[PDB]
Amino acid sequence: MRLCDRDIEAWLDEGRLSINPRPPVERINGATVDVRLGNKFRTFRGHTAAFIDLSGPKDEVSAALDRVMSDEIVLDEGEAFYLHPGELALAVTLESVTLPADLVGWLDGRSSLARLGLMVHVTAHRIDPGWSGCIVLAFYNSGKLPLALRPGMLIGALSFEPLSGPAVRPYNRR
């Protein structure tokens, strides 16, 4: 059962859930905390590789994945990242997030950006008990026009669901 907004504020106070920087009350509502776009991106350069073998020898995998991914792109103040129709790109939330062993996060993108084509990371919704860090975001433009994305914009909504008990093998321990 999701935490309502005021229980989120509670868990943040007790020190049992951490979100950094801490979002003000404006950005905690209903059952979600709004999260923000960070300033570190990546694109793909397919030309160096014929395919990616997901389940294969971690040698060739490491090095193939090293070829295909752009170097980190960091945008100066007031600069957009243009995500063109049909492009997949990686970015990161502005906020860091630390979950205890008895809470799981679910990240949704914003419905109003998805109406213009933005699918964020959408084969995976789940932030694990124990997770501590930024969240890697995978964007895909499924609309006709390019979409300009600026660091600081609202990019998603985080909701939190207590588990039936504290996980034995959370992220930090395993």
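Position 1 is the first residue in the sequence shown; the rest follow in order.
A.B. asks: Taking the mean of the C-alpha B-factors per stretch from the entry, tell me the winner out of 70-78 and 87-95.
C.D. replies: So the stretch with the higher mean C-alpha B-factor is 70-78.
A.B. asks: For the stretches 46-54 and 141-149, which has the higher mean C-alpha B-factor as given in the deposited record?
C.D. replies: Going by the record's values, the stretch with the higher mean is 46-54.
A.B. asks: Comparing recorded Cα B-factors across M119, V136, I127, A31, which one is largest?
C.D. replies: The C-alpha B-factor peaks, among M119, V136, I127, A31, at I127.
A.B. asks: By its CA B factor, does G15 count among the lowest, middle or highest third of the modelled residues in the chain?
C.D. replies: According to the entry, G15 has a C-alpha B-factor in the chain's middle third.
A.B. asks: Looking at the temperature factor on the CA atom of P166, which third of the chain's modelled residues does it land in?
C.D. replies: Within its chain, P166 is a middle-third residue by C-alpha B-factor, going by the deposited values.
A.B. asks: Is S62 in the lowest, middle or highest third of its chain when residues are ranked by C-alpha B-factor?
C.D. replies: Highest third - that is where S62 ends up once the chain's C-alpha B-factors are sorted.
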